[PDB]
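Structure, as structure tokens:
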Amino acid sequence: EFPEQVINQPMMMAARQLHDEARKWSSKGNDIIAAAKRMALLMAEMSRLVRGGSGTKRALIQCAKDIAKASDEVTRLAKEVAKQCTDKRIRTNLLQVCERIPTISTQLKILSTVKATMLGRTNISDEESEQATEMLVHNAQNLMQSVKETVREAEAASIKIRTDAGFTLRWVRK
Amino acid sequence: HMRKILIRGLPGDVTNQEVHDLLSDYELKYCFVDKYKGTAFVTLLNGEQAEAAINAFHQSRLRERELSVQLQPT
């Protein structure tokens, strides 16, 4: 429900790739999916902000902060799922992929800051500015890839549950 | 002029509620939020409401994002 194709093609691409993996499921009773959908929507806002020129400084910053908020919740919940999983194979893969999330999301706040201050500047070099933007896209690509890998191993680890009493996300295909 | 305004620059994770809260001081007759575009299409009670909305809300900040409120491009 994001649509086909003044943004940043590769950020929107990454935004869309996450969106599609999470739109596969209903958000109802699955905050992992709700958060994932949110991040994807804020990633899209970012490719837009990445052209912004100015007035985008403050926004670009807030936006990156927003995103990190969303990942912190994907992680937090991914962990409760892993804590309920009874399959070492899966419980492991889950923790593995969701550990990096926080890190990637932090690189993202940092990279976005440099980018923000660079916005407006005329003195900054050509090579410097297109490079700032490409580390952003790179980090964004990997943040999205990580969030979507979680969601899939979160779903896999929803299968063998220690107690139906503990935590549970709702996995209902749309 | 008209009573239709269009808002640009909304947050990525904006909700319809937030828009309605934003313009809590007006009578919404129509309200369509485009989450993929961060743009809203509101329709107000009359010419004056659309004016006051534009004036209060063009260039203000919504969660750290600068808004651009203007008459729906006709």
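We name chains A, B, ... following the order of the structure tokens; residues begin at 1 in each chain, and ligands are numbered from 1 as shown.
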List as CSV every residue of chain A that is in contact with chain B, defined as an atom at most 6 Å from one of its atoms (using only C-alpha atoms), together with the nearest atom pair and the distance in Å rounded to one decimal, sorted by chain and then rising number.
residue,atom,partner,partner_atom,distance
A:38,CA,B:13,CA,5.6
A:41,CA,B:12,CA,5.0
A:42,CA,B:12,CA,4.1
A:45,CA,B:12,CA,5.2
A:59,CA,B:65,CA,4.8
Write out as an MDAnalysis selection string each polymer residue whose atoms come within 6 Å of residue 70 of chain B, counting only C-alpha atoms; drop sequence neighbours fewer than 6 positions from it.
chainID B and resid 5:6 54
Put those residues in a file: N, CA, C and O atoms, as a compact mmCIF listing (two decimals), in the first residue's frame.
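Written file, result-v2.txt:
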# COMPACT_ATOMS: atom_id res chain seq x y z
N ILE B 5 -7.71 23.08 2.56
CA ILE B 5 -6.31 23.39 2.73
C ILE B 5 -5.55 22.10 2.57
O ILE B 5 -6.12 21.02 2.68
N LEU B 6 -4.26 22.21 2.27
CA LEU B 6 -3.43 21.05 2.17
C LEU B 6 -2.21 21.33 3.00
O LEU B 6 -1.58 22.38 2.88
N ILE B 54 -4.50 28.39 7.89
CA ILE B 54 -3.26 28.70 7.17
C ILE B 54 -2.38 29.61 8.02
O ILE B 54 -1.20 29.33 8.25
Alpha helix (DSSP H) residues, from DSSP on the backbone, in segment 18-101 of chain A, as a ChimeraX atom specification
/A:18-22,31-49,56-84,88-101
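One finds atom CA of residue 167 of chain A at 27.7 Å from atom CA of residue 142 of chain A.
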Distance table requested - segment 4-66 of chain A against segment 98-120 of chain A, cut-off 7 Å, only C-alpha atoms: one row per qualifying residue with the closest atom pair and its distance in Å to one decimal, ordered by chain and rising residue number, as a Markdown table.
| residue | atom | partner | partner_atom | distance |
| --- | --- | --- | --- | --- |
| A:53 | CA | A:119 | CA | 5.7 |
| A:54 | CA | A:120 | CA | 6.2 |
| A:57 | CA | A:116 | CA | 4.7 |
| A:60 | CA | A:116 | CA | 6.5 |
| A:61 | CA | A:113 | CA | 6.3 |
| A:64 | CA | A:109 | CA | 5.4 |
| A:65 | CA | A:109 | CA | 6.4 |
Mind writing the picked residues with N, CA, C and O atoms as a PDB file, in the first residue's frame?
ATOM      1  N   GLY A  53      17.151  20.399   1.936  1.00  0.00           N
ATOM      2  CA  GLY A  53      17.894  21.646   1.864  1.00  0.00           C
ATOM      3  C   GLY A  53      17.958  22.222   3.263  1.00  0.00           C
ATOM      4  O   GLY A  53      18.949  22.068   3.978  1.00  0.00           O
ATOM      5  N   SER A  54      16.884  22.878   3.673  1.00  0.00           N
ATOM      6  CA  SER A  54      16.808  23.360   5.035  1.00  0.00           C
ATOM      7  C   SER A  54      15.400  23.462   5.573  1.00  0.00           C
ATOM      8  O   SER A  54      14.409  23.441   4.805  1.00  0.00           O
ATOM      9  N   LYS A  57      16.847  20.376   8.855  1.00  0.00           N
ATOM     10  CA  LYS A  57      17.823  20.145   9.929  1.00  0.00           C
ATOM     11  C   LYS A  57      17.121  19.586  11.181  1.00  0.00           C
ATOM     12  O   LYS A  57      17.336  18.435  11.590  1.00  0.00           O
ATOM     13  N   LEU A  60      15.101  16.322  10.312  1.00  0.00           N
ATOM     14  CA  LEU A  60      16.029  15.200  10.067  1.00  0.00           C
ATOM     15  C   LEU A  60      16.519  14.595  11.360  1.00  0.00           C
ATOM     16  O   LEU A  60      16.590  13.363  11.494  1.00  0.00           O
ATOM     17  N   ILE A  61      16.811  15.471  12.322  1.00  0.00           N
ATOM     18  CA  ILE A  61      17.244  15.030  13.636  1.00  0.00           C
ATOM     19  C   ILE A  61      16.114  14.310  14.397  1.00  0.00           C
ATOM     20  O   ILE A  61      16.241  13.125  14.794  1.00  0.00           O
ATOM     21  N   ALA A  64      15.238  10.843  12.982  1.00  0.00           N
ATOM     22  CA  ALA A  64      16.201   9.783  13.245  1.00  0.00           C
ATOM     23  C   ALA A  64      15.998   9.298  14.670  1.00  0.00           C
ATOM     24  O   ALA A  64      16.037   8.079  14.928  1.00  0.00           O
ATOM     25  N   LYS A  65      15.696  10.244  15.563  1.00  0.00           N
ATOM     26  CA  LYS A  65      15.372   9.928  16.952  1.00  0.00           C
ATOM     27  C   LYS A  65      14.116   9.058  17.008  1.00  0.00           C
ATOM     28  O   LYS A  65      14.087   8.031  17.681  1.00  0.00           O
TER      29      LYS A  65
END
For residue 23 of chain B, find every residue with an atom within 10 Å (counting only C-alpha atoms), except residues of its own chain fewer than 6 positions away, and show them as a list in words.
residues 17, 42, 44, 53, 56 and 57 of chain B
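Atom CA of residue 70 of chain A to atom CA of residue 35 of chain A spans 5.6 Å [interatomic distance, one decimal].
Closest to residue 22 of chain A among A:1, A:164, A:126, A:66 is A:1, based on only C-alpha atoms.
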Those of chain B in DSSP strand (DSSP E or B), formatted as JSON, numbers by chain:
{"B": [4, 5, 6, 7, 8, 30, 31, 32, 33, 34, 39, 40, 41, 42, 43, 61, 62, 65, 66, 68, 69, 70, 71]}
Surrounding residues of residue 23 of chain A excluding itself and chain neighbours under 5 positions, 9 Å, only C-alpha atoms, as a PyMOL selection string:
chain A and resi 1+18+33+37+173-174
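Of the listed residues (B:72, B:16, B:55, B:60), B:72 comes nearest to residue 43 of chain B; the distances count only C-alpha atoms.
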Please identify all polymer residues within 7 Å of segment 1-3 of chain B, counting only C-alpha atoms, omitting same-chain residues fewer than 3 positions from it, and present them as a list in words.
residues 43, 44, 45, 46, 47, 49 and 50 of chain B
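Atom to atom, atom CA of residue 30 of chain A and atom CA of residue 16 of chain A stand 19.6 Å apart.
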